[PDB]
Amino acid sequence: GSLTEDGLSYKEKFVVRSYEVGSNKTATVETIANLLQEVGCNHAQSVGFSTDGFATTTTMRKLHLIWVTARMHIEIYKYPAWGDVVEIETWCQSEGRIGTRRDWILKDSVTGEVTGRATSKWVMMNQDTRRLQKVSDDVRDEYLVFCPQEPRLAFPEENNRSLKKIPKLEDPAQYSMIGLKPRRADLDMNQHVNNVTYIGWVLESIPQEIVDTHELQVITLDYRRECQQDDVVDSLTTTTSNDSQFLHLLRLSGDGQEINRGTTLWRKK
Amino acid sequence: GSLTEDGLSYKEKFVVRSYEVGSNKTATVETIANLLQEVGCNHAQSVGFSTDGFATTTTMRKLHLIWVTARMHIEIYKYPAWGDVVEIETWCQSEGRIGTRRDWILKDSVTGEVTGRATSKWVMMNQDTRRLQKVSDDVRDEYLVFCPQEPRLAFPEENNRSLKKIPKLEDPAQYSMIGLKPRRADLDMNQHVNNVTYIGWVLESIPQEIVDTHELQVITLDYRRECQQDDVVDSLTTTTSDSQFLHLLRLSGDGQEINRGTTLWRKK
Ligand SMILES: CC(=O)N1CCN(c2ccc(Cl)cc2)CC1
Ligand SMILES: CC(=O)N1CCN(c2ccc(Cl)cc2)CC1
């Protein structure tokens, strides 16, 4: 991997592994999400930011401040097959008062065609209190020199899917998968549940018949609260719709405290 | 990756990824196990065998025959750190009547030192009936041309840790983690639970204090029965001692055994 010529974005190539593919012999959306996270981590390492997933500065670290994902939106046109080389380009931009954004473009290395795209919205928060806080000018100034300042969007369209408001699923859910718990492989280096695990938990309540006869085209996920190492989660799904659409909700098994909500769009094979 | 000069082994390099490391910022044993499986798959692809994990021949495929792991034994001296390059060499050998074997040597790419080693025993069986079958001479002959015929062992010590018999844990277990279920990420391309998931399930019943103050040095795991997509598993552990543990994975309901194993941990 390497920063591009203008130093305002980062590119990396990946060969799809045997354990990274699903029933179609192509990479799963969780393998894609792991790769987006990996290239974001390598971009941070390339310019001196933390490499723990929070991409902090020394100033943020002494104030116990971190960057946290508020929303992840992924759209895949073609899932790469086992042994294929996928090239991923990533960049970040400030959105002032709303927070910050990281975008990605996935391409087939052989043809150069865009096979997928993703965007994520981030907010600054105190690590201990979990209270959101506005980024100071002195912290912001350290990041702007690594971002393009002219808008560069992976999703430029007028009222695109990445910005749509997601409603809360109402009981009873059409489908459910209960008692989901994270194991040590689901945790990052700081013992937090990896964002990719929540994607897997959302998809667990999709009926296998849909998975067998459709391909996942779009996934949007809002992150409201962290699932702790010892928490148990319920995954709820209701069909909202050639295409199938679902509304999703992840909540704690006991009190029903919401941790995530999202929507998925599937296309018939 | 590539076959070596003599064509009797295969080598591949891997750079450790950010999501592949544990609290020590070094690769987990599950990341190592995934890499061993990956290099075994690439070795099969490089000489025309199936690439689904069963490394079958056309003849085996028409008879519904597969190679299945009976035992996996891994010993790690140094876990590679995030961003390090690890080189893995793998080869396979026939053990006649006992079944077959795949071995691996892990090295630090920069220094060339051996950082780990692994061995696995395989048996042939019918995929539908699950009955073990003796390998025919015509099937065996297709594989021998890709194996060294002089013994080449990752664990040569006479009656070493890789060959020790594992006893069955007796109730009550000292520690337990119950109700473990596989999700779609735990399945391979043919919807079977990946062997690496069972390693993760075994380790779930190790107390976090041990994980926090020790490094896993050796793991031996016997595979008795497959956990299906809709099965629920209980993971049991009892200290037998460095720290040593006896492990047992069984179905949550009837207590049917799926795996047994032992782990050895070294104080940090
Ligand atoms: C970990 C990660 O991908 N991100 C998204 C981009 N981030 C960012 C922060 C400040 C400014 Cl001015 C611009 C961008 C925060 C961290
Ligand atoms: C999947 C896997 O790792 N293996 C290695 C050992 N195998 C093998 C079979 C026959 C002979 Cl003669 C030698 C070796 C089966 C495939």
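- X-ray crystallography is the method the PDB entry lists for this structure, together with a resolution of 1.880 Å.

## Concerning the packing of aromatic side chains
- Under the counting rule described, the total for this entry stands at 10 aromatic pairs over all chains.
- Taken together, a centroid distance of 5.6 Å and an interplanar angle of 85 degrees make the contact between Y198(B) and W201(B) edge-to-face. Of this pair, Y198(B) and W201(B) both sit in helix 4 (residues 195-203), three residues apart, which is roughly one turn of that helix. This pair shows no difference in class: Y198(B) is buried, exactly as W201(B) is.
- When the centroid spacing of 5.8 Å and the interplanar angle of 90 degrees are considered together, the rings of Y198(B) and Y223(B) count as edge-to-face. You can see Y198(B) sitting in helix 4 and its partner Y223(B) sitting in strand 8 (residues 214-223), a full 25 residues away along the chain.
- The buried category is assigned to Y223(B), whose relative accessible area is 15%.
- Through pairs of rings, three or more aromatic residues link up here, namely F49(A), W67(A), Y143(A) and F146(A).

## With respect to the pairing of strand 8 of chain B
All names here are of chain B.
- The buried count for strand 8 comes to 10 of 10 residues, which makes it a mostly enclosed element.
- Pairing analysis gives five bridges linking strand 3 (residues 65-76) to strand 8, with the strands arranged antiparallel. By the bridge assignment for strand 8, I74 is matched with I219.
- Pairing between strand 8 and strand 11 (residues 257-267): nine bridges, direction antiparallel. Within strand 11, the position partnered with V218 by the bridge is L264.

## A closer look at the site of ligand 2
Residue and element names in this part refer to chain B.
- All residues adjacent to ligand 2 are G53, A55, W67, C92, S94, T100, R102, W122, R140, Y143, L144 and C147.
- Contact distances for ligand 2 include 3.1 Å between a nitrogen atom and a side-chain N or O atom of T100.
- Considering ligand 2 on its own, with 410 Å² of exposed area, one finds that the protein chains cover 95% of that surface.
- Secondary structure elements with two or more residues in the shell around ligand 2: strand 4 (85-94), strand 5 (100-108) and helix 3 (137-144).
- Residue composition of the shell around ligand 2, grouped by class: seven nonpolar, three polar and two charged.

## So, the sheet that holds strand 8 of chain B
Residue and element names in this part refer to chain B.
- Taken in spatial order, the 11 strands line up as 1-2-4-5-6-3-8-11-10-9-7 in an open sheet, and their pairing is antiparallel. Whereas interior strands pair on both sides, the edge strands pair on one side only; in this sheet they are strand 1 (2-3) and strand 7 (175-180).
- Sitting on the sheet, helix 4 touches strand 3, strand 7, strand 8, strand 9 (233-239), strand 10 (243-251) and strand 11, and the angle it makes with strand 8 is about 125 degrees.

## Remarks on the domain arrangement of chain B
Residue and element names in this part refer to chain B.
- Here chain B is partitioned into domain 1 (2-163) and domain 2 (175-267).
- Here the C-alpha centre of domain 2 lies 20 Å away from the C-alpha centre of domain 1.
- Taken together, the contact between domain 1 and domain 2 spans 21 residues of the former and 22 residues of the latter.
- The contact between domain 1 and domain 2 buries some 1900 Å² in all, and 48% of this surface belongs to carbon and sulfur atoms.
- On inspection of domain 1 and its partner domain 2, the count reaches two salt bridges.

## Regarding the pattern of salt bridges
- Applying the stated rule across the entire model yields 37 salt bridges over all chains.
- Taking the shortest distance from any N to any O, the salt bridge between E30(A) and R183(B) comes out at 2.7 Å. On the criterion of chain membership, the pair formed by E30(A) in helix 1 (residues 29-46) and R183(B) in the loop between strand 7 and helix 4 is interchain, its members lying in two chains. Just as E30(A) is buried, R183(B) falls in that class too.
- Residue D103(B) is joined to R101(B) by a salt bridge in which the shortest nitrogen-to-oxygen separation is 3.0 Å.
- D103(B) gets classed as buried once you look at its relative accessible area, which sits at 1%.
- Taking the relative accessible area as the measure of exposure, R101(B) reaches 6% and is therefore buried.
- Each of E75(A), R117(A), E157(A) and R161(A) takes part in a single network of salt bridges with overlapping partners.

How each quantity is defined
Residues numbered from 1 in each chain as written, not as in the entry; some residues may be left out. Chains lettered and ligands numbered in written order. Heavy atoms only, no water. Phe/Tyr/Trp six-rings, centres within 6.5 Å; stacked < 30°, edge-to-face > 60°. Helix = DSSP H or I, 4+ residues; strand = E, 2+ residues; numbered from the N terminus. Buried < 20%, exposed > 50% of the residue type's maximum accessible area, 1.4 Å probe, protein only. Pairing = 2+ DSSP bridges. Near = heavy atom within 4 Å. Polar contact = N/O pair within 3.5 Å; in protein donor to acceptor, adjacent residues only side chain to side chain. Areas by Shrake-Rupley, 256 points an atom, 1.4 Å probe, with all protein chains shown as cover. Nonpolar A, V, L, I, M, F, W, Y, C, P; charged D, E, K, R; others polar. Contact = heavy atoms within 4.5 Å. Axes fitted to C-alpha atoms, helices over the stretch in contact; angles between N-to-C directions. Domains from an automatic or database assignment. Buried area = accessible area lost by both parts, 1.4 Å probe. Salt bridge = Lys/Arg side-chain N within 4 Å of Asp/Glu carboxyl O.

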